[PDB]
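need a 3D model of the sequence below.
(6 chains)
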Amino acid sequence: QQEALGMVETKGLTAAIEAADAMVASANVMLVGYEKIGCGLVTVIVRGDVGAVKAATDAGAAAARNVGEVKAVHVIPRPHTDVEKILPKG
Amino acid sequence: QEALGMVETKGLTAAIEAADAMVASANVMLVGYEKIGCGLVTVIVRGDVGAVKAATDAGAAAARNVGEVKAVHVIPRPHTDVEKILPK
Amino acid sequence: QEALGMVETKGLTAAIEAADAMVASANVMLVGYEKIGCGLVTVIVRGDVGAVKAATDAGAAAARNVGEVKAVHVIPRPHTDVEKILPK
Amino acid sequence: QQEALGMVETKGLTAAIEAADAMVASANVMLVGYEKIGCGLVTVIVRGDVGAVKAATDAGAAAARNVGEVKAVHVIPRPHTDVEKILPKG
Amino acid sequence: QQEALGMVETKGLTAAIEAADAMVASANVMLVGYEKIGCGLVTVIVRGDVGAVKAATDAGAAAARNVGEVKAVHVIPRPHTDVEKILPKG
Amino acid sequence: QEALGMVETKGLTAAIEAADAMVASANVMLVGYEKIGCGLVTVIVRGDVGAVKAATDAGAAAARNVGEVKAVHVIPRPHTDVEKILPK
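Numbering: from 1, shown residues only, chains lettered A, B, ... in the order given. Pasting the structure now:
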C-alpha cells in the first residue's frame, strides 16, 4: 500500500537536475525533492509505483552520467514506516 | 535497558537505505538524520538495547551495498536521558 | 521550444562572469545561482532553446578564463514545467 | 569563580555523541553543546569544575577514539571573559 | 550607465577581509559584500567606476596574497543586466 | 590607532583557545567567530594596534598547540570604520 522510493545521488547540481528531469518524464512518478549534503553532492528523490520508480531511477542515473558523476542509484520498493517518516525534507 | 543507535554514511541514499532497514529489522523508533558535511549523514534510532543492536547491524549492512559506511555504534544507555545528548 | 541552461563552476567569480556573459550573449533570462559546497556554484538560465544553447556555450567560455568550469548543459524542455524541476 | 571549559572535537557525529555521553557520566559536568564546523568535524563542549572537566574530556576523547577520529581534546581551566563571551552558540 | 563590478576570491576569510579593507581605501569604491561558498572560499565584491574598481581589485588581490591564497581576481566593467540581477546576495 | 586582529584555525577548539588567549594577553575586545567551511574558523578581535598585535601573536601561539593555525593578521586601521568591513 506504500509508494516506492527512488534515489539518484550525483556530484554536481546540473547532473541532479538532468536526472530529475529525466525521471519525471513518466507521468506516474512524482518528484519528492533535492537534498544537498555537501562537497557538491545532491540527492534527487522520487516517489511512485515500484516499476515506474525502477524505470525512472535507471533513466535518471543514465541521463545524469553524461553530465557529471553519479554516486548512487537505489530503489526502496516498500518503505517500512511511511515515506515521510524515513525522509528528512522535501 | 533503553538505547541509542547510529549509522553514519557517506551519501544520503546509503543513509536512507540504512534507516529503512533499521526500522524493518527490529522494534526501534527512527529518531532522525543529521548532515555534518562532505556528504556524511548520521541516522539515529532509539529503542530496546537488543533491538537497536540488531537494527544498527542490519542498517550498516544494507547501507554498505549503496555507499560507504563510516560508523556504526550503539550507546546502550545514554547518561543524560535518551534524547538529552542528541542535538537534533 | 522553451529551455534550461546550466553552467557549474568552482568559484563564485567564475559563475558571475558566466552569468554576465550568458545574459550578454542571447535573449535569455537568468534564473539564479545555487551553491552546493566546496566552492561549486551553478548558474541557471531559462529561454528559447537556441538562445540558451548559445548562452551556455558563451558562459562556459567566459568562465573558463576566471576559474574552473565543472559542467555545461542544456535541457531543451523540462518535463515538469520549465521551473517545476528547479529547487531554488 | 569561572567554570572551566572542556572540548572534544571529532570527525564524525557518532564519535561526538559517544564523547558527549561519556563526558556527562559525571553529574558535575554540564554539556554546553555541539558545533558542526564542516567536513564532518563536530566539537562537543562542556562546562564545570576544573577537575571534573579534566576527567570528562579525557573520558570523552577515550570513548570517542573507538568510534571515529578525535581531532582535539582541550581544557581551558579559567576562561578569561565569561564562558558565554568566548563561545559562539550552545 | 552601469557601475562596474569587482571580485576578489580568497581561500581564507582573513585574506578576504584584508582584501576588502584594501579595496575600500579608495573612497569611490563601494563594498557590496562577502560570500562564503565552501571549503574556506570567500568572495569579496565591490561596485564602482570602472577604473576605480580595476585599481581596487588589483590592490585587494595584492594585499590578500600576503595573508592567504587568492583564487580569483576579476572585473566586469559593464554588467549586462543590473548589478542586482546578476548578484546573489549582499 | 584602533585595529583589527585575526587568527584563523582549522578546528573550533584551536579557535576557542586562541580567543581565550587573545583576551588574556592584552586589552582587546573579542568581536567573534566565523565558520567558513572545512573546519576553518576565524576569530576576530578589535582594539589598540599594539594590544591587538600582541594578542594575535599570543592567540596564534596558544592555538598551534591544539590544532592548525591557517592565518594570523592585523589590520591596524580598517578603511571603512573598524567593524564596517566585517560581515558578522
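
report the longest helix in chain A, please.
helix A:50-65 (DSSP state H).

who in chain A is up against chain B?
When proximity is defined as Cβ under 8 Å from any Cβ of the partner chain, chain A approaches chain B at A:5, A:7, A:9, A:35, A:37-39, A:41, A:43, A:71-74, A:76, A:79-81, A:85-88. Bear in mind the C-beta positions are built from the backbone N, C-alpha and C, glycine included.

if any of those are buried, put those into a ChimeraX selection.
In ChimeraX, a selection of the buried entries from the residues of chain A next to chain B looks like this (16 or more other Cβ atoms under 10 Å in any protein chain shown):
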select /A:5,7,9,35,37,38,39,41,43,71,72,73,74,76,79,80,86,87,88
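
just to revisit the earlier point, and the next element down the chain from the longest helix of chain A?
For helix A:50-65, the following helix or strand on the C-terminal side (DSSP states H and E) is strand A:69-76.

report the distance from the helix or strand that that following strand is followed by to the chain centre.
Using DSSP H and E, the helix or strand that follows strand A:69-76 in sequence is helix A:83-86. On the basis of Cα atoms, centre = their mean, to the nearest Å, helix A:83-86 is displaced by 15 Å from the centre of the chain it belongs to.

again, but for stretch A:59-78
Distance of stretch A:59-78 from its chain centroid, counting by Cα atoms, centre = their mean, is 7 Å.

in it, what's buried?
For stretch A:59-78, the neighbour count (16+ other Cβ under 10 Å) marks A:59-61, A:63-65, A:67-68, A:70-76 as buried.

among the residues you listed, which two are most distant?
Greatest spatial distance in those: A:67 and A:76, 24.5 Å, computed using Cβ to Cβ.

returning to what we had before: would the longest helix of chain A count as contacting chain C?
No: Helix A:50-65 does not reach chain C (Cβ under 8 Å from any Cβ); its nearest approach is 9.4 Å.

tell me, which strand in chain A spans the most residues?
As assigned by DSSP state E, the longest strand anywhere in chain A is strand A:29-38.

who are the packing partners of it?
helix A:13-24, strand A:41-48, helix A:50-65, strand B:28-37, strand B:40-48, strand C:28-37 (3 or more Cβ pairs under 8 Å, 6 or more residues apart in numbering or on different chains; DSSP states H and E).

pull out the buried positions in it.
A:29, A:31-32, A:34-38.

could you pull up the residues touching residue A:66?
Contact analysis of residue A:66 by Cβ atoms under 8 Å, 6 or more residues apart in numbering or on different chains lists residue A:18.

assess the claim that residue A:59 and residue A:24 are in contact.
No: between residue A:59 and residue A:24 there is no contact under Cβ atoms under 8 Å: 9.7 Å.

circling back to that earlier point, run through who's touching the longest helix of chain A.
A:3-8, A:10, A:15-16, A:18-26, A:28-29, A:44, A:46-48, A:70, A:73-75, A:77-78.

off-centre distance for that helix?
For helix A:50-65 - counting by Cα atoms, centre = their mean - the centre lies 8 Å from the chain centre.

alpha carbons only: can I get it in CSV?
C-alpha atoms of helix A:50-65 as CSV (Å, rounded to 0.1, in the frame of the first residue of the first chain):
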residue,chain,number,x,y,z
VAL,A,50,7.5,0.3,-7.9
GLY,A,51,8.0,-0.4,-11.6
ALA,A,52,7.8,3.2,-12.6
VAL,A,53,10.3,4.2,-10.0
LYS,A,54,12.6,1.4,-11.0
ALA,A,55,12.4,2.6,-14.6
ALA,A,56,12.8,6.3,-13.7
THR,A,57,15.8,6.0,-11.4
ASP,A,58,17.5,3.9,-14.1
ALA,A,59,16.6,6.6,-16.7
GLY,A,60,17.7,9.3,-14.4
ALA,A,61,21.1,7.8,-13.5
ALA,A,62,21.6,7.3,-17.2
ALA,A,63,20.8,10.9,-18.1
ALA,A,64,22.9,12.2,-15.3
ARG,A,65,26.1,10.2,-16.0
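
tilt between that helix and strand A:29-38?
If you take axes from the mean of the first three to the mean of the last three Cα atoms, to 10 degrees, helix A:50-65 sits at 50 degrees to strand A:29-38.

now do helix A:50-65 against strand A:69-76, angle only.
Put simply, helix A:50-65 runs at 180 degrees to strand A:69-76, going by the same axes, to 10 degrees.

got the residues of chain A near chain E?
For chain A, the residues in contact with chain E (Cβ under 8 Å from any Cβ) are residue A:38.

show me what from chain A comes close to chain C.
Contact residues, chain A versus chain C (Cβ under 8 Å from any Cβ): A:12-15, A:17-18, A:20-22, A:24-25, A:31, A:33-34, A:36, A:38-42, A:67-68.

how many residues are close by residue A:26?
Neighbour count for residue A:26, taken as other Cβ atoms under 10 Å in any protein chain shown: 17.

what parts of chain A come near chain F?
Taking Cβ under 8 Å from any Cβ, no part of chain A reaches chain F.

return the backbone torsion pair for the nearest residue to residue A:34 once chain neighbours are set aside.
The spatial neighbour of residue A:34 that comes closest, neighbours along the chain excluded (Cβ to Cβ, 6 or more residues apart in numbering or on different chains), is residue C:87 at 4.4 Å. The phi and psi values for residue C:87, taken as degrees, to the nearest 10, are phi -80, psi -20.

against chain D, how distant is residue C:87?
Using Cβ to the nearest Cβ, to the nearest Å, residue C:87 is found at 22 Å from chain D.

residue A:44 contacts residue A:8, correct?
Yes: judged on Cβ under 8 Å, residue A:44 makes contact with residue A:8 at a distance of 5.0 Å.

which residues do those two both contact?
Counting by Cβ under 8 Å, 6+ apart, the residues touching both residue A:44 and residue A:8 are A:16, A:19, A:23, A:60.

so which of the residues you listed is the most crowded?
residue A:19 (34 neighbours).

wait, what's in contact with it?
A:8, A:10, A:44, A:60-61, A:63-64, A:70.

mind running it again at 6 Å?
A:8, A:44, A:60, A:63-64 (Cβ atoms under 6 Å, 6 or more residues apart in numbering or on different chains).

which ones are touching residue A:21?
By Cβ under 6 Å, 6+ apart, the contact list for residue A:21 reads C:75, C:78-79, C:85.

what about residue A:2, how many neighbours?
14.

span of stretch A:60-79 from start to end?
20 Å (Cα to Cα, to the nearest Å).

and stretch A:71-82, by the same measure?
Stretch A:71-82 has an end-to-end distance of 25 Å (criterion: Cα to Cα).

got it, and stretch A:21-39?
Span of stretch A:21-39 from end to end, Cα to Cα: 22 Å.

what's the answer for stretch A:42-57, then?
For stretch A:42-57, the separation between the terminal residues is 14 Å (Cα to Cα).

what residues sit buried inside that stretch?
Neighbour-count burial for stretch A:42-57 [16+ other Cβ under 10 Å]: A:42-48, A:50, A:52-57.
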